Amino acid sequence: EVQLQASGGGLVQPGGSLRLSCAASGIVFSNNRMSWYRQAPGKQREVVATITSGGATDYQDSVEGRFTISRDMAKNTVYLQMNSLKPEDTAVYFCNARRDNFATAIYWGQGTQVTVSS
């Protein structure tokens, strides 16, 4: 069964860094768009970074420059590098997989908590 467990969050004061990881199983990156999502309590989720099956990336404006998404093909693992974190980055982060031209073969993974406070 498709597994998208996220891991790597925690507590950091602002300015530090965090590296999220998602060790995907059941899905391959050669034909999936992988995306990192946010959800702060009270608000609806939002894309934060995304990487195509060919390796093109894209970002939400407020995180551009600070976050950078990458992937390891052989390890089938996508990462999110989070630098220079702002108190408003506080949310649960989770990963999303989308089959290239199928639409219905979409999956969502378990969240990881990162919080940033003085």
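The first residue of the shown sequence is 1; numbering continues from there.
- Higher average CA B factor: 7 to 15, of the stretches 21 to 29 and 7 to 15.
- Across the two stretches, 55 to 63 and 38 to 46, the PDB entry reports the greater mean Cα temperature factor for 38 to 46.
- Split the chain's modelled residues into thirds by C-alpha temperature factor. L85 is in the highest one.
- Ranked by C-alpha B-factor against the other modelled residues of its chain, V92 falls in the highest third.
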